[PDB]
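Note sheet for the following structure.
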Amino acid sequence: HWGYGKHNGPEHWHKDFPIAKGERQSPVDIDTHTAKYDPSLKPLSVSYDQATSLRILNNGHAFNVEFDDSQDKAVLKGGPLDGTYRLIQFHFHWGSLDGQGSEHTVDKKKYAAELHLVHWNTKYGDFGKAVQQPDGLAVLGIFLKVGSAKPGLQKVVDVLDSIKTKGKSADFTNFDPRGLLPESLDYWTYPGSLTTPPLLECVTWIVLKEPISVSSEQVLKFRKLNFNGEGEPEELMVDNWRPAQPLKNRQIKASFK
Ligand SMILES: O=C(NO)c1ccccc1
Ligand SMILES: [Zn+2]
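Put into structure tokens, the structure is as follows:
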């Protein structure tokens with residue numbers, strides 16, 4: 010099945026998932042000089058105070074911190090969004106080296122990693138129905154650079170040893186995603202897709218301009234994870250990022266002047 014290796018990586022996905030060569034695929038390079046300030050954008054609202062995390066899972070591609078989305082708790086609204094989007098999970102994409110790892114790039118610059126906080130449009134009832142709609146999902150993307158440690162990420166880092174291989178999960182309650190956000194909410198937004206198969210084009214991307222810094226030690230632990238399952242040859246979970254795709258007929262809007 011699909012992965013990030015030479016024989017099943019991004020360049021191969023289109024065979025099982027034709028939409029890989031679609032009209033609004035993600036990620037894309039964000040050309041900052043071509044992005045235009047949009048005064049029609051309303052202020053962005055990230056309300057994560059009532060967030061209820063449940064567990065963490067190694068799915069063989071990345072690790073997902075899942076949340077209880079059966080109620081109106083952690084929601085994203087405002088900005089380019091119409092309505093309320095509910096947080097269902099977050100995960101990261103990272104590299105084997107600090108010089109690569111992010112999916113979106115800024116003026117071709119690659120960051121060490123990228124955090125994706127996934128939300129679904131409540132007007133559609135649930136995540137499954139949402140992914141059949143062009144405005145069913147909203148993903149808040151945050152870049153990670155290596156520098157000072159991020160205190161709010163350490164709880165995630167310390168539980169990774171317990172979910173080293175594909176299929177493993179661990180209880181992960183009371184984790185506050187507010188500790189992963191940078192100070193500024195300035196962002197770029199464009200219509201795109203999931204960056205992993207099935208690559209569905211149901212996403213409104215909101216990529217924050219300000220990256221958060223994490224320590225070399227923190228990202229090093231991300232790289233100790235495994236793509237393989239327990240009892241299988243070890244294949245380090247690194248470089249699980251899809252490269253920038255053609256922007257095609259799209260414009261990236263900026264929330265700032
Ligand atoms: O960011 C994602 N993949 O990398 C993603 C986004 C929405 C739903 C599932 C996955
Ligand atoms: Zn992602």
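Taking the numbering used here, I'd label the letters of the sequence shown as residues 10 to 266. For each residue, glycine too, the CB sits at the ideal point set by N, CA and C.
Nearest-angstrom Cα separation, counted from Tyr133 out to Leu209: Here residue 209 refers to the residue found at position 200 of the sequence shown. Here residue 133 refers to the residue found at position 124 of the sequence shown. Linking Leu209 to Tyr133 through their CA atoms gives a straight-line distance of about 16 Å.
To the nearest whole angstrom, what separates the beta carbons of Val212 and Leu203, a pair I think is in contact under 8 Å? Along the sequence shown, one-based indexing puts residue 212 at 203. Along the sequence shown, one-based indexing puts residue 203 at 194. Correct: roughly 6 Å between the Cβ atoms.
Round the Cβ separation of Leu85 and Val55 to the nearest angstrom and send it over; I've been treating them as touching at under 8 Å. Reading the sequence shown from its first residue, position 76 is the one you call residue 85. Reading the sequence shown from its first residue, position 46 is the one you call residue 55. Taking C-beta atoms under 8 Å as the contact rule, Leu85 and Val55 qualify, at a distance of about 6 Å.
With DSSP as the reference, label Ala253 as helix, strand or coil. Position 244 of the sequence shown, counting from 1, holds the residue named residue 253. Annotated three-state conformation of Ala253 is coil, per DSSP.
Span of the beta strand (DSSP E) around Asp180: Along the sequence shown, read from residue 1 onward, the residue named residue 180 stands at position 171. Unbroken beta strand (DSSP E) run through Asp180: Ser178 to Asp180.
Give me the residue from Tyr46, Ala253, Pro143 and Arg259 with the minimum Cα distance to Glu112. Here residue 112 refers to the residue found at position 103 when the sequence shown is read from its first residue. Checking every option, the nearest Cα to that of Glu112 belongs to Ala253.
Helix, strand or coil, according to DSSP, for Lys51 in the structure here? Along the sequence shown, one-based indexing puts residue 51 at 42. Correct three-state label for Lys51: strand.
Would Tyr199 be called buried (16 or more neighbouring beta carbons within 10 Å of its own) or exposed? Along the sequence shown, read from residue 1 onward, the residue named residue 199 stands at position 190. Sixteen is the threshold: when 16 or more other Cβ atoms of the shown chains lie within 10 Å of the Cβ of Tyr199, as they do, the residue is buried.
Quick one: measure Cβ to Cβ for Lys117 and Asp38, integer angstroms, because I've assumed they're closer than 8 Å. On the sequence shown, residue 117 is found 108 positions in, with the first residue counted as 1. On the sequence shown, residue 38 is found 29 positions in, with the first residue counted as 1. At roughly 6 Å, the Cβ-Cβ gap stays under 8 Å, so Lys117 and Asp38 are in contact.
Let me know the secondary structure DSSP gives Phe136 once reduced to three states. The residue given as residue 136 occupies position 127 in the sequence shown. Under the three-state reduction of DSSP, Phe136 is assigned to helix.
If you draw a straight line from the C-alpha of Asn68 to the C-alpha of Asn237, how long is it? To locate residue 68, count along the sequence shown from 1; it is residue 59. To locate residue 237, count along the sequence shown from 1; it is residue 228. Rounded to whole angstroms, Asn68 to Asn237 spans 10 Å at the Cα level.
Through-space distance from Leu50 to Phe26, alpha-carbon basis: Residue mapping note: residue 26 aligns to position 17 of the sequence shown, counting from 1. Residue mapping note: residue 50 aligns to position 41 of the sequence shown, counting from 1. Distance between the alpha carbons of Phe26 and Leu50 is about 33 Å.
Relative to the alpha-carbon of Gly12, which residue among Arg259, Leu66, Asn249 and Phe181 has its alpha-carbon at the smallest distance? What you label residue 12 is simply residue 3 of the sequence shown in a count that begins at 1. Between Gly12 and the set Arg259, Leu66, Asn249 and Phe181, the nearest pair of CA atoms involves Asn249.
Just to confirm, is the Cβ distance from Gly161 to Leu124 under 7 Å? Stepping through the sequence shown from its first residue, residue 161 is reached at position 152. Stepping through the sequence shown from its first residue, residue 124 is reached at position 115. Inclusion of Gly161 and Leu124 in the CB contact set at 7 Å is not warranted, their separation being larger than that value.
Count the other C-beta atoms from every protein chain shown that fall within 10 angstroms of the C-beta of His128, then say buried if there are 16 or more, exposed otherwise. On the sequence shown, residue 128 is found 119 positions in, with the first residue counted as 1. Counting other Cβ atoms within 10 Å of its Cβ, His128 reaches 16 or more and is therefore classed as buried.
Return the first residue and the last residue of the alpha helix (DSSP H) that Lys164 is part of. Counted from its first residue, the sequence shown places residue 164 at position 155. Boundaries of the alpha helix (DSSP H) harbouring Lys164: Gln163 to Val168, taken from the DSSP string.
Verify whether the separation of the beta carbon atoms of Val228 and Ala121 is less than 7 Å. What you label residue 228 is simply residue 219 of the sequence shown in a count that begins at 1. What you label residue 121 is simply residue 112 of the sequence shown in a count that begins at 1. Closer than 7 Å, so yes.
I need the boundaries of the alpha helix (DSSP H) containing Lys86, first residue and last residue. In the sequence shown, the residue the question calls residue 86 occupies position 77. Taken as a continuous stretch (DSSP letters only), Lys86 belongs to no alpha helix (DSSP H), being part of the beta strand (DSSP E) at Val84 to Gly88.
Comparing alpha-carbon positions, which option in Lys30, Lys173, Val155 and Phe136 lies nearest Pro242? In the sequence shown, counting from the first residue as 1, residue 242 sits at position 233. For the residues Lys30, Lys173, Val155 and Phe136, the minimum Cα distance to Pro242 belongs to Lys173.
Tell me the DSSP secondary structure of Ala29 in three-state form. Indexing the sequence shown from 1 puts residue 29 at position 20. In this structure, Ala29 counts as helix in the three-state DSSP scheme.
Who pairs with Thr198 in a beta bridge, going by DSSP? As a first step, residue 198 must be located in the sequence shown, where it is residue number 189. Per DSSP, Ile215 and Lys262.
Compute the Euclidean distance between the alpha carbons of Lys15 and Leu106, then round it to the nearest angstrom. The residue labelled residue 15 in the question sits at position 6 within the sequence shown. The residue labelled residue 106 in the question sits at position 97 within the sequence shown. So the two alpha carbons sit approximately 18 Å from each other.
Which of helix, strand or coil DSSP assigns to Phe101: To locate residue 101, count along the sequence shown from 1; it is residue 92. Note: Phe101 maps to strand in three-state DSSP.
Closer than 6 Å to a non-hydrogen atom of ligand 1 - does that hold for the CB of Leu234? Reading the sequence shown from its first residue, position 225 is the one you call residue 234. Checking the Cβ of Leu234 against ligand 1 gives no.
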